[PDB]
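As a plain string of letters, each chain reads:
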Amino acid sequence: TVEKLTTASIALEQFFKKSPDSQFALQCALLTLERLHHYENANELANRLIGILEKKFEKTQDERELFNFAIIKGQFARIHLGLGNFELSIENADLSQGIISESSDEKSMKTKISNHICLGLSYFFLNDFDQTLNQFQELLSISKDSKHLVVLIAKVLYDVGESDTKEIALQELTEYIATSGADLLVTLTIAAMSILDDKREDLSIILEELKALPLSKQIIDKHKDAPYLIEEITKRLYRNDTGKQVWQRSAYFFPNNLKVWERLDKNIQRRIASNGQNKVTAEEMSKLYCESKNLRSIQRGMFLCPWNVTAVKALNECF
Amino acid sequence: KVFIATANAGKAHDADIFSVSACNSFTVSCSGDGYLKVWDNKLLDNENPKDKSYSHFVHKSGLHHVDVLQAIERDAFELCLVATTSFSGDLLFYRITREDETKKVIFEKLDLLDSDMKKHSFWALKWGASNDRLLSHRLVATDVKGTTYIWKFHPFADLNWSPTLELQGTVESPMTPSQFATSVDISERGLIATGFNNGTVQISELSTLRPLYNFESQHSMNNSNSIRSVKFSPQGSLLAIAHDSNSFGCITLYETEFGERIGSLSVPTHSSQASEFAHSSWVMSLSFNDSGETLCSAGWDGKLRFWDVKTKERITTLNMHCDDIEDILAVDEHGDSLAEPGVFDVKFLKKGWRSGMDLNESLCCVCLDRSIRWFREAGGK
Amino acid sequence: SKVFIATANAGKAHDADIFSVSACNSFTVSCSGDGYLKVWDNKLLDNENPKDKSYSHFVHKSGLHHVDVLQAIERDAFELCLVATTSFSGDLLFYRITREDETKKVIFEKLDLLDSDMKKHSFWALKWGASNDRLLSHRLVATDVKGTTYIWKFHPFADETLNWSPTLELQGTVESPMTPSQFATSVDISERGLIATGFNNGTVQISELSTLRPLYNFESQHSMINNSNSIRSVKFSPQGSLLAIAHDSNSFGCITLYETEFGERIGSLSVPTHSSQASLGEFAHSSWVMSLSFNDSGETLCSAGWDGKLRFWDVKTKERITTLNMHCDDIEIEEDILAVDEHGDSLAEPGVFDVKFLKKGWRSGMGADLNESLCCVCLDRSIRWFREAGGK
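Residues numbered from 1 in each chain as written, not as in the entry; some residues may be left out. Chains lettered and ligands numbered in written order. Part of a larger assembly, values for the part shown. Heavy atoms only, no water. Residues with missing side-chain atoms left out of burial classes, pairs and counts.

1. Here's the deal with the sheet that holds strand β9 (residues 105-109) of chain B
All names here are of chain B. Test applied: At least two DSSP bridges between two strands are needed for those strands to be called paired. Under the DSSP-based scheme used, a helix requires at least four consecutive residues in state H or I and a strand at least two consecutive residues in state E, with every element numbered from the N terminus. The axes are straight lines fitted to the C-alpha atoms, using for helices just the contacting stretch, and the angles between their N-to-C directions are given from 0 to 180°.
Taking strand neighbours across the sheet as the criterion, the four strands line up as β6-β7-β8-β9 in an open arrangement whose pairing is antiparallel. Two strands close off the open sheet at either side, each with one partner strand: β6 (63-71) and β9. Neighbouring strand axes in the sheet, compared pairwise and without regard to direction, differ in orientation by 25° on average. Judged from the five bridges that link them, strand β8 (residues 91-98) and β9 form a sheet pairing that is antiparallel.

2. Digging into the packing of aromatic side chains
To describe a pair of aromatic rings, one takes the distance between the centres and the angle between the planes. Our working rule: Two rings belonging to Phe, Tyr or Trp (six-membered ring only in the last case) form a pair when the distance between their centres is within 6.5 Å. Interplanar angles under 30 degrees mark stacking, angles over 60 mark edge-to-face geometry, and anything in between is tilted. Charges are assigned to positions over rings by a cutoff of 6 Å between ring centre and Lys NZ or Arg CZ, combined with an angular limit of 35 degrees from the ring normal.
Pairing C:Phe19 with C:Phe88 gives two aromatic rings, centres 5.3 Å apart and planes at 75°, and the pair type is edge-to-face. Of this pair, C:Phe19 sits in strand β2 (residues 18-23) while C:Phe88 sits in the loop between β7 (80-87) and β8 (92-99), placing them 69 residues apart in sequence. When the centroid spacing of 3.8 Å and the interplanar angle of 25° are considered together, the rings of C:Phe218 and C:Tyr258 count as stacked. With C:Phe218 in strand β17 (residues 214-219) and C:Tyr258 in strand β20 (residues 252-259), this residue pair connects regions lying 40 residues apart in the sequence. Ring pairing ties together the aromatic residues A:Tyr252, A:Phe253, A:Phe254, A:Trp261, B:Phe18, B:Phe87, B:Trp123, B:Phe180, B:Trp282, B:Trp300 and B:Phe344, which thus form one cluster. Cation over ring: B:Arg95 sits above B:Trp161, and NZ or CZ is 4.6 Å from the ring centre. Looking at C:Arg232, its charged tip hangs above the ring of C:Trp288, at a distance of 5.6 Å from the centre.

3. Focus on the pattern of salt bridges
What counts here: Salt bridge, as applied in this entry: a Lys or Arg side-chain nitrogen positioned within 4 Å of an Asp or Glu carboxyl oxygen.
One salt bridge in this structure joins C:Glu342 and A:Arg296, with 3.7 Å as the shortest N-O distance. With C:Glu342 in the loop between β27 (320-325) and β28 (352-358) and A:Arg296 in helix α18 (residues 295-304), this pair bridges two chains. B:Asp327 serves as the salt-bridge partner of B:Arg314, at 2.8 Å between the closest nitrogen and oxygen. Linked by salt bridges that have partners in common, B:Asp301, B:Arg305, B:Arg314 and B:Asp327 make up one network.

4. Overview of the interface of chain A and chain C
Stated precisely, the cut-off is as follows: We call two residues contacting when some pair of their heavy atoms lies within 4.5 Å. The classification used treats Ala, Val, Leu, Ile, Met, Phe, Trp, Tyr, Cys and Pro as nonpolar, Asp, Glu, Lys and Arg as charged, and all other residues, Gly among them, as polar.
With 33 residues of chain A in contact, the opposing surface of chain C contributes 43 residues. Residues belonging to the side of chain A that touches chain C are distributed by class as follows: 14 nonpolar, nine polar and ten charged.

5. Regarding the UniProt feature "repeat: WD" in chain C
The criterion, for reference: UniProt positions are given in the numbering used here, feature names are shortened, and annotations may be inferred rather than shown by experiment.
Per the UniProt annotation, the sites labelled "repeat: WD" are residues 20-41, 66-100, 125-156, 186-208, 233-259, 291-314 and 354-387 of chain C. Secondary structure within residues 20-41 of chain C divides into 0% helix and 73% strand; the distance between the first and last C-alpha atoms comes to 17 Å.

6. Re the packing of helix α6 (residues 108-126) of chain A against helix α7 (residues 130-143) of chain A
Residue and element names in this part refer to chain A. Which entries qualify depends on this criterion: Put simply, angles under 35 degrees are roughly parallel, angles over 145 are roughly antiparallel, angles from 65 to 115 are roughly perpendicular, and the rest are oblique. For any pair of crossing helices, the crossing counts as left-handed if the nearer helix is rotated counterclockwise from the farther one by less than a right angle, and right-handed if it is rotated clockwise.
Axis separation between α6 and α7 bottoms out at 8 Å; the angle between their running directions is 150°. Judged by the inter-axis angle, α6 sits roughly antiparallel to α7. Pair α6 / α7 crosses with left-handed handedness. Contacts from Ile113, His116, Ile117, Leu119, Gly120, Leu121, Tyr123 and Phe124 in α6 reach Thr132, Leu133, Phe136, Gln137, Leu139 and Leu140 in α7. For the contact of α6 with α7, a count of residues per class yields ten nonpolar, four polar and no charged.

7. With respect to the sheet that holds strand β18 (residues 227-232) of chain B
Within a sheet, each strand pairs with its neighbour through backbone hydrogen bonds, oriented either parallel or antiparallel. Residues and elements named next belong to chain B. Spatially, β18-β19-β20-β21 is the arrangement adopted by the four strands of the open sheet, whose pairing is antiparallel. Among the strands making up the open sheet, the edge pair consists of β18 and β21 (260-265). On average, adjacent strands in this sheet sit at an angle of 20° to one another, irrespective of strand direction. Examined bridge by bridge, strand β20 (residues 248-255) and β21 share five bridges and lie antiparallel to one another. The residue bridging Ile251 from the neighbouring strand is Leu265, located in β21.

8. Here we look at unusual backbone geometry
Omega for the peptide link from B:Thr176 to B:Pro177 comes to 5°, which places this bond in the cis form. Looking at the element boundaries, B:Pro177 is found in the loop between β13 (161-171) and β14 (181-186). C:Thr179 connects to C:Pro180 through a cis peptide bond whose omega is 10°. Inspection of the secondary structure assignment puts C:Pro180 in the loop between β13 (164-175) and β14 (184-189).

9. Considering the environment of C:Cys24
All names here are of chain C. Relative to the elements of secondary structure, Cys24 occurs in the loop between β2 and β3 (27-32). A C-alpha to C-alpha distance of 20 Å links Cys24 and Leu136, two positions 112 residues apart in sequence. In contact with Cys24, other than residues within four places in its own chain, are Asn42, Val69, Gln71 and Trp362.

This is how it looks when you write it as C-alpha cells:
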C-alpha cells in the first residue's frame, strides 16, 4: 500500500511538471502526501491550490466553489497539524469551519469532523488551552461513536489530567468496550491508563481482562503490547517475577515474533532478523548487532547506522 | 471407545508445562521453570503421582520441549535418555537411572554436542527408536533458522557405556528467506516431517536425506496460519498436520509415498452460523495411538478430541474444566472461541506402561494451569 | 560483455569486517575494522595467491570504515600514489605508498597534512578528485558527522625544480541545507566538477566542486516512518549527467537515478523482490544496497547489496542485466572459507560490504582478452576479484 501510494505520489509529481494547476490532481497530491506524511510538499501544493482556488472564487464565487474551498482549507489545516505549527492549523480550520459549518451537505460533514480533530488537537498542543480543547473534544464526542476517534478523545481528555476528564475518557472507552467490546487498542489504552494511575483495585480487573484477550486478538497484536503491560502490572501488583512467564507463552505461540525474543533471548531475536526471516529496519538491526556486545559486531552495527547514540557509546566504551 | 481419568497432579510446575512425553518406565514433563519432572508410571492404584515425582533443574530460561528414549538395546542394559531443549535454545541430554539405595531417580547430564553444534539455537526435537530401518537410534531436531538436524546415537564405542552423537546430516528449509521450524517428526518408516510457522511442511526421507516433497498451506496472512504439530501414524504412510486458521485449529491428513492429501478432521460449528474446524481454538499437538487407529488432538479450547482415522470422524471429546461426559464448537459471535483455554500437550501411553486398575492403553496430557493428567481407555476401568 | 567471471580470491583477508575497498593501476587497497590497510597487487601471474602479493599495514586501533587511493603521474617524471582513510575514531589518515628498489615490496609513509583545528573533526566518507582539468590541482572531499562537506586541494610539490613535500590546502566547506543538520553518510565528485553529498534523511545535495557553491538538493520519498530511509552510496555517471542514489527504504534497498542538469528524477532500478510472503515487491535488493559502481563506459551500473548479491543493471534501459550470488565457499582456498562467524551465525550468503569497477589493464591476467574488471569485499571477511568477459 505504502509503495503504491508512493508511486502515486511520484506519478503526480511528474504529472505536475507537464501540467500543474489541475485542482483535482493537486487534491490527490495532498491526500497521498498526507498519507505519506510528506507534509512540506503538501504545504507548498496547498498554498498553490489555495491561491488557484481563491483567484477563481474571486470572480463568480458560487456557493459550491466556497464549499470546495472550505474542504481545501480544512485539508490545509491537517497539513499544518502535520507541520506542527498549530496556530495556522487553528486559523485555517476555523476559516474552513466558518465557510462550511452550517452547510449540512453530505460531503461537508466529513470535512467538519476533520476540522474538529484539527482544532481540538491544535488547542491541546498549542497553549494547553484545555477548556477550548474540552469544549471542542466534547463536541467531537457527540459527533460520532467510532473506535479510533473514541481512543483519540479518551487520550486527549485523559492527558488533560483534570479529575472529571479522566473519568470521562475511561468511561467512554469502557462503554465502547461494552458496546462491541473485544478489541485490543481499547483494552491496552485502558490498561495503561489504569496502569499509571496506580489503583490496585482496578489493576487486578484490567489485568484479568488482559490475560483473557482472545486468541484472535493476540495475533493482531504483532507488536505484542499485551504481554508487556501484563508483565508490568503483574510485577508491580503481585510483586512477583512470575510476571515474566507470559512472554514465554507468547514465544511458544509466535516463535518468530521479534518483540517476544526481545524479552526472552536476544540471540534468537538477532538470529531471526539475520537472513530476512523478519524484515527489520537498519537502526534496530544495528541495535541487535551491538547487543552482541563484542567489538566486530559493534563496528558492524555502528557502520550500518552511525547515527544512533547507543552504538557510538557501545564502541567508545569497549575502548 | 471412551476415556476415564486415572490420576492427576495439581500445580505440578511453578510455570507453564509446555511438553510431556513418556516411556515404559515413566512419564516425563518439562516446563518454563527449567525443571524436568519425571513421574513414575507404574503407580499404586490409590496413590499420589507427586510422591513419586522426581524433579531436576536444567536451565534458567525454562524448557519448552522434551522427548525420552527407552531401550533394552543388547545384553541386559536398560538404557533411558531424556532429551530436552530450552528457551535459550540449548539442547540438553540426561541419562535417567534410579538409585540402588533409595530407588529414587538420578539424572546424569550427558555432553553429546561439540562447540560449533551447541552454538546453534535449537527449538524442537524427537527421538527415533531402534527398528528394522537401520540398527541404531535416530535423533531429529530443529533450530530457529528452519534447519533440521539428524543425528545417529551410539550408546557404545567400538559392553562399555560411552555415548556419542554422530551427526548423520542436516536438511535446510524449503524457504528463502528461512522461517522458524516449529515442529518436527520422524516415522518408523524413515520419513522426516518438518513444519514451520507459515504453514509450510517439508517431508524428507532419512536414508537419503534428500527432500521427498513439501506442502504449503493456502491461508495467507493479520491472519496467522502456523503449523503447530506434525505426526506420522505408525500404521500406513499417513501424515497428520495440525495448523492454525485465524483463531481456529485445523487438522489435515496427507498420505506419504504418493503425496496425496486425503482429508481434514472437522466437527460442526455454529457462531454466526456462517461456519469448519477441529477446535474453536488452535490445535497445540497431536498423537496417534499404538494401533494408529485413533488420533488425539490437544486443543487450546481446553479440550482433548479423539478422532477415528479411517472414518475421519470424531470418536469423542474431553473437557479439562468439566469431569463429566454433542461437542458443537462453541464460537463467539465475533468468531473468537469462547472456552477457557487449558491444553498444551498430549501423549498416548502403550498398554502396559502405566500399571494399575494394564489391559488398556493409557493417555497423558499437560495443561495451562500447571496440572498434568492421566487417562485410561474403557475396558471396564 | 556483461557476464563477469571470478578470477582470484582471498578468504579471511582480515580479522574484522572489511568496510571499504578501492583500487588503482598498481593495486587494490582494502581497509577494515582491524584498522589495517591492505594493499593487494593487481598485477598477478597465473595461479598465484593474491595473499602472497598482499602487503598489510596498521593504521588505527578503532578500525577503518572508509578508504580511497589516488594514483597519478604528477610531473612528466614523478609518480604519485596516495592512500586516504577514515577511522571509526573519525580521524583522517593519509599514507604515501611506494615500492622497494628491487624487492618491489610496498612501503607506507604516513603523511601528516591536516592542522590541529581540522583534526578535531570526526570525518566519515572521503573521495579523491584526480587532476581531470576540474582545476589543475588534485582535490580531496570529505564528510563529517555534522553534515558538512570539506573540500581540500592537494599540492604534492613546494611552489612548483621538483621536490617532495605534500600540503593539503583547505579550499573550504559545503554545509547541509537542512536544519537540524543530518549525518552525511556518503559523498562523490563528478568529472564535470560536481559534488554530491548524501545524508541519512534521504536528502542529497548537489554543489560545485570548483566554486564550493551549493546548486540544489533533492529528497527520497515514502517518509511514513522517519528513521527508515537513509542514503548508503551515491555515485556519478562518468559518461552522462546521471547520478545514481542508493538509499534504504527500511529493510529494502533502492537505487534511484537523477540527471544533474536540472536535478530531476529520471527513473529507479528495481527487480521482483520479496514482500508479504507470496506477493512480489519492486525494490532493487531485498536488503540494503551497500555500494554502487559504474563501468568505464557508464552503460552498466553494478550494485552491491546486503543480501549477498552483486546486481549489474543496464543504465540506458533501466532493467537488470545480471546477478552474482556471493557464497562463503566461492574461495579457491578451502582453509580460508569462513562458513560461520565468531558468534556461530551462518555466512553462506554473505552480504557485500563494497564493490568497485577496475579499469581495463589494472588487473593483469594471462591469456585473457585485456578488458575491464570488478572487485568486491564481503561480510565473510573475504575479498573477491572478477573480470568482465569481453574483448579487445
